[PDB]
Amino acid sequence: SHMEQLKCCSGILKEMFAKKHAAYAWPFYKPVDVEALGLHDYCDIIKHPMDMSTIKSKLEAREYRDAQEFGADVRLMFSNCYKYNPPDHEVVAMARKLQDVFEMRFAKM
Ligand SMILES: Cc1[nH]c(-c2ccccc2)cc1C(N)=O
């Protein structure tokens, strides 16, 4: 059921925003501020930017037909981090930690 799926998707994103995962989930809360120092080339490398607040708004505006469409945006957010940043950057390790939380929840639904 697509309706039951999207309510579970809202639940997964709720845990991702919770205090428990806050230590590594904070860089993915809001869209990447391209006006900040060191992020002048972000728009040149990342063509489709995605973050948790945009996903939350897209769920509320019913922009996802099913769980797979929600999952695609969550993975786009992580893939943007892996593409733009160097492999040894701290944000890449944080992305892996938050993706572990998502992948385990997304598989068990
Ligand atoms: C995903 C991501 N978030 C941030 C960030 C930086 C400062 C404050 C809030 C978010 C940077 C990146 C990145 N370098 O990819």
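- Header annotation of the entry names X-ray crystallography as the structure determination method and lists the resolution as 2.29 Å.

1. Section: the side chain of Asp66
Item 1. You can see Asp66 is positioned in the loop between α4 (52-60) and α5 (67-84).
Item 2. Buried and unpaired, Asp66 has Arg65 as its nearest opposite-charge partner, separated by 5.8 Å.
Item 3. Polar contacts involving the side chain of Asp66 include one to the main-chain amide nitrogen of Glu69, which spans 3.3 Å.
Item 4. Residue contacts for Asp66: discarding those within four places in its chain leaves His2, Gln5 and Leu6.

2. Considering the nonpolar core
Item 1. With 25 residues, the main nonpolar core has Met16, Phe28, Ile55, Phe70, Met77 and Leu98 as its most contacted residues.
Item 2. If you list the elements that add at least two residues to this core, you get α1 (2-17), α2 (22-25), α4, α5 and α6 (90-107).
Item 3. It is α6 that contributes the most residues to this core, seven residues altogether.
Item 4. The residues touching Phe28, leaving out its near neighbours within four places in the chain, are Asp51, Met52, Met77, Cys81, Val91, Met94, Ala95 and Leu98.

3. A look at the site of the ligand
Item 1. Contacts to the ligand come from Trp26, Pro27, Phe28, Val32, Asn85 and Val91.
Item 2. Note that a nitrogen atom of the ligand is positioned 2.8 Å from one of the backbone N or O atoms of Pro27.
Item 3. The contact in question runs from an oxygen atom of the ligand to an N or O atom on the side chain of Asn85, over 2.8 Å.
Item 4. Look at the ligand: alone it shows 370 Å² of surface, and the protein chains cover 69% of it.
Item 5. Here the shell around the ligand is built from residues that sort into five nonpolar, one polar and no charged.

4. Details of the side chain of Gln99
Item 1. Residue placement: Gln99 occurs in helix α6.
Item 2. Residue classification places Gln99 among the buried positions, given a relative accessible area of 18%.
Item 3. Aside from chain neighbours lying at most four places away, what touches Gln99 is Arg75, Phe78 and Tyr82.

Quick notes on the rules
- Residues numbered from 1 in each chain as written, not as in the entry; some residues may be left out.
- Heavy atoms only, no water.
- Helix = DSSP H or I, 4+ residues; strand = E, 2+ residues; numbered from the N terminus.
- Buried < 20%, exposed > 50% of the residue type's maximum accessible area, 1.4 Å probe, protein only.
- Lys, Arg positive; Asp, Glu negative; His and termini not counted.
- Salt bridge = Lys/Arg side-chain N within 4 Å of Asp/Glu carboxyl O.
- Polar contact = N/O pair within 3.5 Å; in protein donor to acceptor, adjacent residues only side chain to side chain.
- Contact = heavy atoms within 4.5 Å.
- Core = buried A, V, L, I, M, F, W, Y, C linked by side-chain atoms within 4.5 Å.
- Near = heavy atom within 4 Å.
- Areas by Shrake-Rupley, 256 points an atom, 1.4 Å probe, with all protein chains shown as cover.
- Nonpolar A, V, L, I, M, F, W, Y, C, P; charged D, E, K, R; others polar.

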